[PDB]
Structures are given as structure tokens and as C-alpha cells.
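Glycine also receives a Cβ, built like all others from the backbone with ideal geometry; neighbour counts cover every protein chain displayed. Derivation of every value follows stated rules applied to the coordinates shown; laboratory data play no part.
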Amino acid sequence: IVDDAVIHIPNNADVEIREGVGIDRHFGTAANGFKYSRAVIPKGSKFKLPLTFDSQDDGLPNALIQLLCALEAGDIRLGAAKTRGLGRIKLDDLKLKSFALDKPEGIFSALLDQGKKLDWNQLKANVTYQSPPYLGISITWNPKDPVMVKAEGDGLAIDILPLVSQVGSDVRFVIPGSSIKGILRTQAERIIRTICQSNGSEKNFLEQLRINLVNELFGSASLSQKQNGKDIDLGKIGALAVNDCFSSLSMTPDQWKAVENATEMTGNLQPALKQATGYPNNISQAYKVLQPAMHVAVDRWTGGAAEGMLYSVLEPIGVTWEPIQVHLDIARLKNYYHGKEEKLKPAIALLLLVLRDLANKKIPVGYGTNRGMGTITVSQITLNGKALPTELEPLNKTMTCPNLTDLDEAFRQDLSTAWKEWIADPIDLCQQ
Amino acid sequence: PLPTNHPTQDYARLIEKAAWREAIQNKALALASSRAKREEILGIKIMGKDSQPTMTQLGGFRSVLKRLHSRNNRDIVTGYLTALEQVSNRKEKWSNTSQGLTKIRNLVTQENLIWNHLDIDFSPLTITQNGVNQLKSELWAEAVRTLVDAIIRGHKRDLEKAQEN
RNA sequence: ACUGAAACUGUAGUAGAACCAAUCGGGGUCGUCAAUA
RNA sequence: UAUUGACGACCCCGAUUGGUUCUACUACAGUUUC
Ligand SMILES: [Mg+2]
Ligand SMILES: [Mg+2]
């Protein structure tokens with residue numbers, strides 16, 4: 001039995017709105033109609049685990065013990081957008097109360113005594129937690145040009161401000177997993193379409209997205225089709241999920257509200273940024289973290305500046321960022337391929353080619369990528385899979401060469417072979 | 001009505017807000033459907049293929065109105081309008097509207113005005129004594145956001161028709 | 001020339017899959033203004 | 001007919017997409033009384 005549980009949002013925190021856009025794969029710009037926004041419960045919100053179990057046998061089912069171990073491990077995701085940042089939950093303070101409802105001493109305990117405590121650690125000792133196959137990818141990176149995602153709307157002293165999110169007591173700058181997923185997907189598709197020389201220009205955006213291997217890695221929209229008199233769904237969830245990436249720097253919620261509500265770039269903005277950057281008495285260090293920039297459009301006949309075309313950006317030139325977490329669900333792919341681990345190698349080959357470009361500055365991130373922002377240096381990719389099949393076991397590695405040369409040449413040469421064999425015939429690899 | 005001391009008065013209040021919210025949403029849909037009303041309420045209008053102001057100017061205002069959670073946030077929206085009104089090129093973007101910047105200033109700063117435009121008979125929608133005055137003060141900011149949201153949507157999807165001629 | 005009794009509208013089902021808050025813009029630069037005697 | 005005589009800053013964001021597509025109920029129990 002699972003009850004409803006009310007969510008208690010942290011103190012002063014409130015429901016956040018996340019903006020979303022779909023970027024046309026041909027023009028590189030927002031697709032028409034593909035603008036949306038999502039309310040989200042902020043990170044660190046709590047709710048009660050409300051389970052009851054009515055045992056007809058003695059003891060407790062081991063699968064139900066594995067479930068509680070999985071919750072404590074944080075392996076369960078809840079709600080929407082699970083591949084695009086949202087939904088991870090972890091259990092704390094697990095408590096087990098047993099009522100022996102089969103007996104008078106137990107039935108009155110249910111009515112009066114509030115039950116018999118069990119030590120969870122004693123059950124937690126009698127089982128080995130079997131985590132399913134996955135490949136965790138941790139990319140360690142720093143911004144080479146200021147990296148930001150733009151806030152939802154224009155500011156006062158500063159028009160373009162970074163997106164931030166609540167993370168408990170403090171706000172942090174955030175790059176949503178939606179944004180990191182979307183840049184990775186775009187490069188993955190460009191690689192596939194390049195190999196096939198398949199043009200993207202005549203397709204609308206929902207058809208542009210729908211191409212081979214990426215349909216399994218990044219996932220596809222639900223879409224019923226009577227494909228062969230048989231009726232089939234084209235939709236499948238992404239086997240690849242991405243987390244929101246937060247800044248190492250943090251500010252109290254009011255400290256950032258002082259930045260959002262500054263009105264003079266040389267006036268009351270300067271105290272606010274000195275506060276938030278952590279150099280309340282040293283602006284020349286404050287502006288090595290967040291630096292206001294001014295821009296003009298210059299009229300082509302007169303010079304000077306075009307009437308009205310003056311704007312400013314709060315560039316997070318020096319915000320340091322935590323390592324990006326990508327989680328690849330090897331079990332979910334292997335289910336799509338009806339078990340055949342031979343079929344993983346083209347999908348794994350694609351993913352490693354995407355990561356090769358990320359480390360070679362070929363995938364810029366966030367706002368203004370063509371306009372002085374968004375280029376990242378990758379220092380290290382750590383590949384850490386659990387229960388990988390033995391022929392993929394060489395993935396468990398920490399890589400620092402951008403060109404993957406830290407993966408075994410025999411393994412890189414094996415992946416290249418399965419990849420080349422797919423290039424020679426790019427079938428729908430999950431078609432049994 | 002329920003007496004003010006009545007124990008279920010807290011539960012009745014949950015039911016009323018639900019009946020009010022849906023009434024406001026439905027009425028806001030109807031009022032956006034007609035171009036004379038969008039012009040009455042916000043001054044916005046369509047002139048040939050052109051939109052007054054541009055949809056970008058409506059979108060900019062709307063993004064600020066998202067911050068109007070409470071009456072004490074009306075400082076935020078009136079602050080935006082004064083800064084707009086102070087920049088000559090931006091103020092003139094809203095010329096050829098029917099007084100649009102004053103109409104927005106009024107809608108946000110006159111607490112009675114949203115309810116007169118919605119013009120809903122709330123008597124069938126309330127059961128708590130003193131419910132009408134309380135719910136009006138509580139739902140004010142939400143009604144303003146709902147009506148402005150509806151009007152701009154209805155405007156844009158009529159603009160698409162004049163565009164596509 | 002006698003009220004039928006007894007009986008949970010319940011059981012199983014994740015509002016979810018796909019979706020980049022994004023595209024463009026040198027913090028730039030020279031002659032105007034007033035009308036008469 | 002062609003003189004009179006020296007001052008002065010400006011722009012402050014602009015345009016646009018604002019939801020799109022799929023699933024819309026599916027299995028049942030239809031009277032019970034060894
Ligand atoms: Mg300004
Ligand atoms: Mg500006």
C-alpha cells in the first residue's frame with residue numbers, strides 16, 4: 001500500500017519555472033511552436049515514504065528488501081523528464097514497524113502500542129544489493145568562454161542574466177540537463193546524418209529529431225502507427241539521462257535578488273555583485289567572477305551605434321562548475337535490442353564519438369555560443385560502469401586524452417569495427 | 001452562508017477557490033475571443049497585418065507580469081512601465097495602441113479594476129460569509145495574470161489570421 | 001393472514017515519451033544649430 | 001549683395017517562437033446461498 005505524500009519545499013524556497021525550447025536542427029534556431037515551460041519542485045524538497053506491506057508469509061520478501069536498498073541508493077526516479085534532469089529521489093531515515101496481526105498480542109499492538117521496531121541494518125546485512133547495468137560518465141570541465149544559460153526574461157541594470165536555481169539554503173548557477181542533453185543529441189544526429197549524407201532541411205522539427213541510434217540513446221516521442229496492419233508505438237524513453245549541473249559558487253537567495261534588482265550598472269549593481277561574488281570590498285576580484293559587458297550594434301553607413309541597439313550581459317566569466325553527470329542505462333538499451341549485446345557497440349561507438357567532440361571544443365553549451373560564450377575545456381572524462389557485459393568491461397576508465405586514446409586500442413578498434421559495419425548498412429538496430 | 005465560526009469554514013474555502021479559479025479562467029477565455037475587448041482591456045489592436053504593439057512588446061510585458069505573485073509585487077510591474085515610459089523609442093512603440101500603457105498601469109495598480117473587466121457574478125460561487133471580499137483580495141494577482149495571459153494568446157492567434165490573408 | 005436475511009462499485013494501471021531558452025548585433029563616434037542685415 | 005557667432009553629446013535594448021505530436025480508458029465480476 002502506497003499513500004499520498006505531501007511535498008514540503010525548503011524554507012523560503014518556492015516552485016521554479018523551467019523554460020524549454022526546441023531548436024530546429026537545420027537553422028539552429030528555436031522551432032516554431034516549440035516553446036514551453038515547466039514548474040518543478042526544487043532540489044532538496046522532502047516528502048514522507050508511506051509504505052505498508054501485508055505479509056501472508058513469514059519474514060519480508062527479499063525483492064521488497066532490494067527495493068528499499070535501491071531507494072536508499074537513490075536508484076529510483078519519479079515523475080516527468082526523467083532523462084532531462086528531473087526526478088531523482090533518495091531515501092533517508094528508514095524505519096520499520098512490524099505488527100503481528102495474526103495474534104492477540106499483535107492485533108492489540110496495532111490498536112494501541114504502535115508496533116515492534118526492526119533494525120533495518122540487520123536486514124540490510126542479509127542481502128547484496130544488485131545494481132543493474134549502467135555506465136556513468138563524469139565530465140570534468142571549466143568554461144573557456146563564459147558559459148551560461150539565459151534567465152527567463154530581461155533584467156533592469158543587466159538585460160541578460162544567468163539562470164540560477166535553489167539548492168537548499170543557497171542559489172547556484174545551473175545548466176539544466178535539458179540543455180546538456182540537447183547539445184549532445186544535436187551532435188549525435190549531425191554525425192549520423194553526416195555519415196549517411198541525409199539532409200535535414202525538408203523535415204519539420206518532430207521528423208528532424210527521429211533518426212537511427214539516437215532514437216534509442218536519446219529516445220523518441222510516443223507515436224502510435226498502424227505500420228503493418230499491426231499497430232505499433234514508435235515511442236521509447238531515452239536510455240541516456242543527464243543531470244542539472246550547478247556552479248561551485250553559491251549565493252544566498254537575497255544576495256542574488258540584489259543582483260536581479262540592481263538598476264545602475266555603475267551604481268547599486270556594484271555593491272550587489274561584490275556581495276554575491278564573495279569579494280564585498282574588492283570589485284576588481286568581484287568582476288573576475290561575474291563581469292558586466294556592454295554591446296552595441298553599429299550602423300553600417302554612419303558608424304556610431306544603431307538607435308536602440310544597446311544591451312548588456314552579466315557574463316559569468318569566472319564561475320567554476322561541477323563535473324557533468326551522464327547516466328547511460330545499459331539495461332534499457334539491451335532490452336531495446338532484445339538482449340543482443342553485439343548491438344550495443346554501434347550505440348556505444350556513437351556515444352564515444354560524441355564525447356570526443358565535446359572534449360575537442362566542438363560542442364559549445366548555453367547562450368550566445370556564436371557571440372562570445374559557451375566554449376568549454378574538458379579536463380577529464382571518467383567512465384564508471386557497473387555490471388557491464390564482459391566485452392564492454394574495458395569502458396571502466398578515467399580518460400584525459402580528448403581523443404579517447406586512454407581506451408584500449410583493441411577495444412577502440414573493436415568498436416570501430418562494429419560501428420563501420422553499421423555504417424555499411426544503417427538498419428534500425430532494434431528491429432528484431 | 002456558513003457562519004464565520006463554523007468548523008467547516010476552512011473546508012468550504014477550499015471549494016470556493018476552486019469554483020472561483022475555474023470561473024475566472026473560463027471568463028478570461030471568452031473576453032480574449034473578441035478584438036474589441038482586448039482593445040478595451042489592454043489597448044492592444046490589429047491594424048492590417050501589423051500588431052500594436054509588436055508581439056515582442058507584449059511578450060516583454062508578460063514576462064514581467066509573471067513576477068506579480070501578490071499585490072505587494074505591483075511595484076515590480078509598475079517599475080517596468082515607468083522605465084519603459086522613460087525611454088522615448090520604447091514608449092513610442094506603444095503609440096497607435098488605445099492608451100495601452102496607462103491601461104496596463106491601471107489594471108495593475110487599481111485593485112478593483114480586474115473584477116470589473118471580468119464581470120463575474122461570484123454570488124453562486126461563494127458560501128463562506130465574507131467570502132467575496134476575502135477571495136477577491138487573495139485571487140487578485142492570479143486573475144490579473146490569467147486575464148493578461150488569455151488576452152495576449154487570443155491576440156496572437158487572431159494576428160495569425162490577419163497575417164495569413 | 002405480516003418488511004427476507006447477508007453482500008465495500010471494487011481489483012490491476014508512474015500524466016508520461018520526445019523537445020538546447022535560443023538566434024542576430026564591434027561599447028561605438030564630428031558638424032551641426034539659430035536668421036537675418 | 002553675404003554676412004552674424006561658438007557651442008554640443010547620443011543610444012539604454014530591438015525582432016521572434018509562447019507550446020507541438022502520441023495515448024483518451026483497457027481487462028473484468030452482471031448476481032450470490034454445499
Ligand atoms: Mg536598462
Ligand atoms: Mg539595454
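I need a count of the residues in segment B:81-111 that are more than 14 Å from ligand 2 (Cβ to nearest atom), surrounded by 17 or more Cβ atoms within 10 Å (Cβ to Cβ) and not charged (D, E, K, R).
Residues in segment B:81-111 being more than 14 Å from ligand 2 (Cβ to nearest atom), surrounded by 17 or more Cβ atoms within 10 Å (Cβ to Cβ) and not charged (D, E, K, R): 8 in total.
Between A:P61, A:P162, which is touching a residue at least 60 places away in the same chain (Cβ under 8 Å) and either in contact with a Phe, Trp or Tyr (Cβ under 9 Å, 6 or more places away or on another chain) or at positive phi (or both)?
A:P162 is the lone residue from the list that is touching a residue at least 60 places away in the same chain (Cβ under 8 Å) and either in contact with a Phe, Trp or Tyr (Cβ under 9 Å, 6 or more places away or on another chain) or at positive phi (or both).
In this structure, is B:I120 in a loop (DSSP other than H, G, I, E, B), out of contact with any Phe, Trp or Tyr (no Cβ under 6 Å at 6 or more places or on another chain) and in contact (Cβ under 8 Å) with a residue 60 or more places away in the chain? Even if it seems obvious, please write down each step before you answer.
On the way: in a loop (DSSP other than H, G, I, E, B): yes; out of contact with any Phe, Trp or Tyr (no Cβ under 6 Å at 6 or more places or on another chain): yes; in contact (Cβ under 8 Å) with a residue 60 or more places away in the chain: yes.
Judged against the criteria, B:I120 is a match.
So which of A:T186, A:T194 ends up being away from chain B (no Cβ under 14 Å) and either within 30 Å of A:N268 (Cβ to Cβ) or over 21 Å from the mean Cα position of the chain (by Cα) (or both)? Break it down stepwise before answering.
Details: A:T186 fails: either within 30 Å of A:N268 (Cβ to Cβ) or over 21 Å from the mean Cα position of the chain (by Cα) (or both).
Result: A:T194 is the single residue among A:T186, A:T194 that is away from chain B (no Cβ under 14 Å) and either within 30 Å of A:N268 (Cβ to Cβ) or over 21 Å from the mean Cα position of the chain (by Cα) (or both).
Table: residues versus (1) more than 14 Å from chain B (Cβ to nearest Cβ); (2) touching a residue at least 40 places away in the same chain (Cβ under 8 Å); (3) closer than 21 Å to B:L84 by Cβ; (4) within 16 Å of ligand 1 (Cβ to nearest atom).
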{"site": "A:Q275", "(1), (2), (3), (4)": "yes, no, no, no"}
{"site": "A:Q285", "(1), (2), (3), (4)": "yes, no, no, no"}
{"site": "A:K288", "(1), (2), (3), (4)": "yes, no, no, no"}
{"site": "A:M294", "(1), (2), (3), (4)": "yes, no, yes, yes"}
{"site": "A:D299", "(1), (2), (3), (4)": "yes, no, no, no"}
{"site": "A:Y311", "(1), (2), (3), (4)": "no, yes, yes, yes"}
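Give just the number: which of (1) outside any strand (DSSP E or B); (2) within 30 Å of A:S312 (Cα to Cα) does A:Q431 not satisfy?
Looking at each condition in turn, A:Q431 falls short on (2).
Under the condition of being within 14 Å of another protein chain (Cβ to nearest Cβ) and in contact (Cβ under 8 Å) with a residue 12 or more places away in the chain, which residue from segment A:96-155 is surrounded by the fewest Cβ atoms within 10 Å (Cβ to Cβ)? Talk me through it step by step, then tell me what you get.
First pass over segment A:96-155, keeping only residues within 14 Å of another protein chain (Cβ to nearest Cβ): A:150-155.
So of that shortlist, the ones also in contact (Cβ under 8 Å) with a residue 12 or more places away in the chain come out as A:150-152, A:155.
On the way: A:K150: 17, A:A151: 19, A:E152: 14, A:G155: 17.
By that ranking, first place goes to A:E152.
Check A:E315, A:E260 and return the single one that is away from RNA strand C (no atom under 15 Å from the Cβ), within 27 Å of the chain's Cα centre (by Cα) and acidic (D, E). So that I can check it myself, show each step before the final result.
Working: A:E315 fails: away from RNA strand C (no atom under 15 Å from the Cβ).
Within the list A:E315, A:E260, the selection yields A:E260.
Would you call B:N116 within 14 Å of another protein chain (Cβ to nearest Cβ) and surrounded by fewer than 18 Cβ atoms within 10 Å (Cβ to Cβ)? Write out each step before concluding.
Numbers: within 14 Å of another protein chain (Cβ to nearest Cβ): no; surrounded by fewer than 18 Cβ atoms within 10 Å (Cβ to Cβ): yes.
Taking the combined requirement at face value, the residue does not satisfy it.
Would you confirm whether any residue within segment A:139-153 is touching a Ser or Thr at 6+ places or on another chain (Cβ under 7 Å) and within 16 Å of ligand 2 (Cβ to nearest atom)?
Taking segment A:139-153 as the starting set, the residues that turn out to be touching a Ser or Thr at 6+ places or on another chain (Cβ under 7 Å) are A:140-142, A:144-145, A:149, A:152-153.
Filter once more, so that each one left must be within 16 Å of ligand 2 (Cβ to nearest atom): A:153.
So far as segment A:139-153 goes, yes, one or more of its residues are touching a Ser or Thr at 6+ places or on another chain (Cβ under 7 Å) and within 16 Å of ligand 2 (Cβ to nearest atom).
Out of the residues in segment A:303-348 that are among the charged types (D, E, K, R) and within 30 Å of A:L156 (Cα to Cα), state the one that is farthest from RNA strand D (Cβ to nearest atom).
A:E322
Tally time: how many residues in segment A:333-358 are assigned to a helix (DSSP H, G or I) and touching a residue at least 60 places away in the same chain (Cβ under 8 Å)? Before you say what the answer is, go through the steps one by one.
Going through segment A:333-358, the residues assigned to a helix (DSSP H, G or I) turn out to be A:333-336, A:341-358.
Adding the requirement that they be touching a residue at least 60 places away in the same chain (Cβ under 8 Å) leaves A:333-334, A:336, A:342-343, A:345-355, A:357-358.
Number of matching residues: 18.
If you check A:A100 against the conditions, is it farther than 23 Å from A:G177 by Cα, assigned to a loop (DSSP other than H, G, I, E, B) and touching a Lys or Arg at 6+ places or on another chain (Cβ under 8 Å)? Give the derivation first.
Working: farther than 23 Å from A:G177 by Cα: yes; assigned to a loop (DSSP other than H, G, I, E, B): yes; touching a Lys or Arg at 6+ places or on another chain (Cβ under 8 Å): yes.
When the stated conditions are applied, A:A100 passes them.
In this structure, does A:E315 turn out to be of a type in the set (D, E, K, R) and crowded, with 22+ Cβ neighbours inside 10 Å? Give the derivation first.
On the way: of a type in the set (D, E, K, R): yes; crowded, with 22+ Cβ neighbours inside 10 Å: yes.
Judged against the criteria, A:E315 is a match.
Yes or no: segment A:314-325 includes at least one residue that is in contact (Cβ under 8 Å) with a residue 12 or more places away in the chain and within 14 Å of another protein chain (Cβ to nearest Cβ).
Pass one, segment A:314-325, residues in contact (Cβ under 8 Å) with a residue 12 or more places away in the chain: A:314-325.
Cutting the leftovers down to within 14 Å of another protein chain (Cβ to nearest Cβ) gives us none.
Within segment A:314-325 (the criterion being in contact (Cβ under 8 Å) with a residue 12 or more places away in the chain and within 14 Å of another protein chain (Cβ to nearest Cβ)), the answer is no, since none of the residues qualifies.
Inside segment B:42-112, counting only helices (runs of 4 or more DSSP H) that do not spill past its ends, which hold 1 or more residues that are closer than 16 Å to A:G155 by Cβ and either within 13 Å of the chain's Cα centre (by Cα) or within 14 Å of chain A (Cβ to nearest Cβ) (or both)?
Numbers: elements: B:55-65, B:74-85, B:88-91, B:100-109.
So the answer is B:55-65, B:74-85, B:88-91.
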